[PDB]
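What follows draws every value from the coordinates through simple rules; no lab data is involved. Backbone-built Cβ (ideal geometry, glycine too); neighbour counts: all protein chains shown.
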Amino acid sequence: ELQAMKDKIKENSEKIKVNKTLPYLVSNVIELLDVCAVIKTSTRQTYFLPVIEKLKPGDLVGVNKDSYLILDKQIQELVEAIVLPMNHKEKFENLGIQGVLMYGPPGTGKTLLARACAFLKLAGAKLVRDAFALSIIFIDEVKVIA
Amino acid sequence: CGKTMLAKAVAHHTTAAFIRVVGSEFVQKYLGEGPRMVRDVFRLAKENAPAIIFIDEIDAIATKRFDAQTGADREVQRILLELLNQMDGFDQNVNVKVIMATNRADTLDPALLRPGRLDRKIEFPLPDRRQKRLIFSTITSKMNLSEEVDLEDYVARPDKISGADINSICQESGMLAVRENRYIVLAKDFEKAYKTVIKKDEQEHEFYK
Amino acid sequence: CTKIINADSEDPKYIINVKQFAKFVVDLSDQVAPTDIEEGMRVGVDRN
Amino acid sequence: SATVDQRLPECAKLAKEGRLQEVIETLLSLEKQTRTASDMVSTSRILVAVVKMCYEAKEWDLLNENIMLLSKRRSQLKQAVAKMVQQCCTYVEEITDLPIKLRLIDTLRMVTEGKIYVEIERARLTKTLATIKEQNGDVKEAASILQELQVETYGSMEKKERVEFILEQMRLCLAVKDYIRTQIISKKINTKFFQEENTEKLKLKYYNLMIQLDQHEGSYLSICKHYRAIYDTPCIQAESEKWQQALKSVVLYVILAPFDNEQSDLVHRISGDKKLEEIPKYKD
Amino acid sequence: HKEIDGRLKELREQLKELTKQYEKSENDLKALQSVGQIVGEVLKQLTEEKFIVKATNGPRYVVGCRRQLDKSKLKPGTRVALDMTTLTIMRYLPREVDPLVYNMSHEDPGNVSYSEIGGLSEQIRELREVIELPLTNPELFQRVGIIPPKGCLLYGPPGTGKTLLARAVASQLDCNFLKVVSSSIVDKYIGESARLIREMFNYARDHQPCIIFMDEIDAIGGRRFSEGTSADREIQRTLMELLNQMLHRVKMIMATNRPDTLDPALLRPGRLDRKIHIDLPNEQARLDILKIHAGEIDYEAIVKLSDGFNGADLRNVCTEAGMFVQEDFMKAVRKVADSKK
Ligand SMILES: Nc1ncnc2c1ncn2[C@@H]1O[C@H](COP(=O)(O)OP(=O)(O)OP(=O)(O)O)[C@@H](O)[C@H]1O
Ligand SMILES: Nc1ncnc2c1ncn2[C@@H]1O[C@H](COP(=O)(O)OP(=O)(O)O)[C@@H](O)[C@H]1O
């Protein structure tokens, strides 16, 4: 029967080839439900799909055009608080314990030190959340530094 | 003082159509959407049938029309003017009776207080002694009650208790009894509820007196 | 064109942003080299 | 300290030959010094030692006074108080002459007139007092006394001690025939937790009280469901009589229940259970 | 023979891989013979078979409903999946979810037992009562004769513990929790805030039971004064919308550091039934706060001179002590009190 199953592999492959006529469309994957998807085509329409599978609610996905299917002390302290937790995470947690704003007059070198440590260098809660979503993070106005 | 409840009454005793809207619903971010919504509401009510538009909370839009020296307040003023014009304008309405409720009738525009648009101006004062007695009877109904209770004392004791807080008195007396493992509330239970609802503020810096 | 999706070595699968109309994906073909065709500049998509 | 616990035995001996107030006074002074030094271990040991000395003595009208005073003294340490009350109750539970032991139980209650760190011991002492009172030919007031503990706020160690407290509240309420209170407490209880490993005597008892309450009220379908849960409990399924009695009660209460959709459904389920013993009586 | 048995093993493994591929093939079959529908929203229940449905970002049609559907379920505002060709209502779809409400509700990690709220046993009694008891076992209220309560204020100094106190009840009920930082409701538009509040309460009225916890009601909760600025009047309008919208199995918890600004109407017992006054821990409660945050001699010694404040100061005590025994805890509380002042 394995030969017949190989022939069915062949029919699956030709099915993929015919249904994958490359000139697709691109659409947002806005919304995501199940009893599926609710795509938003680039041409300002929104279309439900029962059958397309862990696509992000907001990912940009291809779709079928027709069926529509898818300071020595300061540097030492910063080096401590940044690097050492990252390496010896378990060491910090040994006892059962668990934002770091940086100050300095204009041009003191906070950005320079952050770059030297570098990772994300983002320059309000929306920006906060997105930056910590996308790992060292420096937030001028996972490892949090602000 | 039980005006939204009286509106809920109509809607369970009116044969006509009912359209309840919130005074803050008419406001919109886009220019002209508020006036468009007011026109849509009034036209729909006029066309459907004898209708009652309950614009609760009218003070969200109708306030005195001052110069307003800005954009958003002018849009609010346009909402108010559209409401005035639809209630009594060139194209007179028929069988579009309107009810609106507000907690502060002084701030409302003097044009939307004109016999012909608002010809009743009903007041809903805080319950008197007699209304307190009636409210207490109506609430303590459908409720097991102890024989030793004297609602007369609570009714007579002069306070500013409104209908909502009378309901709260009865409700929290009920919950106190439930926690006390008893379905028949005693006078101690009420006395507790009455104190906890009166909530007499104190510590008033005494030199004022 | 907006991206070449890395060209996936073979099968470049370019992305196009037909203005005021839509964005699509394309193989193009008929040109000399998938890379020297284009990276991020105007191009003429066939109709159908 | 070593000095403390080598000088305590001599005081114990002297009290044994008889020291009405000298031993008490010297121990009081030592306790004062230790408490000022903030010696909680010394405080606990001295308190337990003195209460034990009294208990070994006659202590009638003396141990209660000693404990009451020691508790009412300066701001004793809460841990020391907890240890003192624990040892006091452990000694109390093994005592006779109930009319006189009532004095010591009342003394424990008064010293625990209410304190966030004597809650569970107060609850146990109240339960013991209620049991003694109901045994003493009067439960009309023991039921009320037990009907004061806020065990849910107390939060005993496990879902055993306070659940037993509530079950005994139910027992006293039904003994005095206080069905509204019993039913409210039943609503307070959540039956799901009875699905555990050792929740067998607890569950049988709880369901028995619920069944008796519903028997008084007059319903029959709820009583059917209660016997159904009882029978499903494995332990009552461990003896011929032990389980056939439960099944017979289930069937008879099904029958007593008035005809209805639920009545018919329960009749069908009990008929299809197939374990009806084919007794020539109940099956037919 | 063992060789033939191994041949059988490899044959079975190959057939299992091909079974996985059969799953792939049925997936492909479904894809090929499936086509996407059109998302729209009903606008009017016309004659039993005719429904006026507006295709979002498009025109509005009159369409028919297929056999297997609940016309009663289909109501104005309900989402619908029309067919592409025949434009027939293939099946309904649940109401839209606002991005703000989605981030607000669907992402809410709450897991804290009542044991983790050391003090405030009484305030636990009142809260738990008002929120839970009407939800679970409402027959008590029915038998008594009182209507079930809706919401409570739960006001207190800055950190005596309100978010935790609401999180505990939310976790115990395991119902739909919806937490707001009310200071974020404010918007630079002229009513989008009222729209957001209305959408929040619609979310609640949809999936019920549901607990709506709004923090810092001080904002969006001020007394209405006659002639404020345009922003002030917008804030008053947002309050007013919340007040009116604020019906079934949607309990409510507020959290604030001030009851002075609160509108008398917003404080009305019909809107906020019980006004809880959780307060800075007293030594009695503070001791057990430290005990629970112990993640007794030392605890009593610390409570002796502890600077009880903000609630979180005791978690700070514990965490700093770990960051560094009786003396270590004592110096930790010394340091935290010195820093706080
Ligand atoms: N006259 C009354 N009789 C009985 N119950 C009343 C009365 N007035 C108020 N109540 C109780 O108070 C609750 C709230 O009343 P209602 O919402 O009608 O008051 P309101 O004055 O319109 O309030 P708001 O200004 O907050 O909109 C009612 O549901 C009822 O529980
Ligand atoms: N009774 C308490 N038991 C345990 N922790 C508490 C208590 N009161 C306050 N806390 C701590 O204080 C912090 C308060 O945080 P949160 O509740 O978000 O703000 P607020 O205290 O203003 O409600 C919590 O992280 C909590 O751990």
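Observations, loosely collected:
- DSSP beta bridges fully contained in the protein assembly as shown are about 50 percent antiparallel.
- Computed over neighbours whose Cβ is under 13 Å from that of E:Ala255, the net charge equals +2, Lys and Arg +1, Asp and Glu -1.
- Of the residues B:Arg133, D:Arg45, the one with the fewest other Cβ atoms within 10 Å heads the list, and the complete ranking is B:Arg133, D:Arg45.
- Residue order, fewest to most surrounding Cβ atoms within 10 angstrom, among A:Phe138, A:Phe92: A:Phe92, A:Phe138
- Listed residue pairs exceeding 27 Å between alpha carbons, taken from D:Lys188/D:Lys283; A:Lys54/E:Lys24; A:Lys143/E:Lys251; A:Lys15/E:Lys20: D:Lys188/D:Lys283; A:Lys143/E:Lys251
- Cα-derived Rg to Rh of the protein assembly as shown, Kirkwood definition: 1.02
- Within the shell defined by Cβ-Cβ distances under 13 Å, the residues around B:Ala7 carry a net charge of +2, with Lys and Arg each +1 and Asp and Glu each -1.
- Percent of Cα-Cα distances greater than 27 Å, calculated over the range D:127-284: 32 percent
- Average partner coverage of D:156-167, which counts Cβ from other chains inside 10 Å: 0
- C-alpha long axis of helix B:33-48 to longest principal axis of chain B, angle in °: 80 degrees
- Selected from B:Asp128, B:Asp109, B:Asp91 as most flexible by GNM, with chain B as the system and alpha-carbon contacts under 10 Å: B:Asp91
- Across the range D:83-145 the C-alpha pair distances fall into 5 Å bins from zero in the proportions 4, 17, 31, 26, 15, 6, 1 percent.
- Histogram of C-alpha separations across chain E, 20 Å bin width, %: 23, 39, 26, 12, 0
- Separation of alpha-carbon centers, the range E:43-92 and the range A:34-103, rounded to whole Å: 37 Å
- Taking label points 7 Å from Cα along the Cα-to-Cβ direction, E:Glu283 and B:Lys3 give a separation of 5.3 nm.
- Charge dipole (debye, nearest 20) of the range B:115-183; +1 at Cβ of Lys and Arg, -1 at Cβ of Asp and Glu: 420 debye
- Diffusion coefficient, µm² s⁻¹, Stokes-Einstein with Kirkwood Rh over alpha-carbon pairs of chain D at 10 °C and 1.306 mPa s: 70 µm²/s
- Top positive-direction residue, dipole computed over the range E:81-166 with Cβ charges, set E:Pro94, E:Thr136, E:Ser113: E:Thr136
- Mean residue ellipticity at 222 nm, helices only, chain E: -14000 deg cm²/dmol; runs of at least 4 DSSP H residues each add -39,500 (n - 2.57), and the sum is divided by the number of residues.
- Sorted peptide list for E:61-70, E:5-14, B:179-188, criterion being average Cβ within 10 angstrom, highest first: B:179-188, E:61-70, E:5-14
- Neighbouring partner chain Cβ atoms per residue of A:37-43, average, 10 Å criterion: 4
- Within the shell of other residues whose beta carbon sits under 15 angstrom from the beta carbon of E:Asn103, the net charge comes to -3, with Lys and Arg scored +1 and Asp and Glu -1.
- Estimated dipole of the protein assembly as shown in Debye, rounded to 20 [Cβ of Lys and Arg +1, of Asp and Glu -1, Cα centre]: 1820 debye
- Charge dipole of the range E:224-341 about the Cα centre (unit charges at C-beta), most positive-ward option of E:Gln284, E:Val317, E:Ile235: E:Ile235
- Per residue of peptide E:36-43, the mean number of Cβ atoms on other chains within 10 Å of the residue Cβ is 5.
- Computed over chain B, the per-residue total of -39500 (n - 2.57) for DSSP H runs of n ≥ 4 gives a 222 nm mean residue ellipticity of -12500 deg cm²/dmol, rounded to 500.
- Flagged links, alpha-carbon separation over 30 Å, of D:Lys192/D:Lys275; A:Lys121/E:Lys291; D:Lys78/D:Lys187; B:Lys199/E:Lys188; B:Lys199/E:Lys291; C:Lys19/E:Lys188: A:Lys121/E:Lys291; D:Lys78/D:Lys187; B:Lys199/E:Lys188; B:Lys199/E:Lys291; C:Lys19/E:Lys188
- When D:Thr233, A:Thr108, D:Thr107 are sorted by how many other C-beta atoms sit within 10 angstrom of their C-beta, beginning with the fewest, the order is A:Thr108, D:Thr233, D:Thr107.
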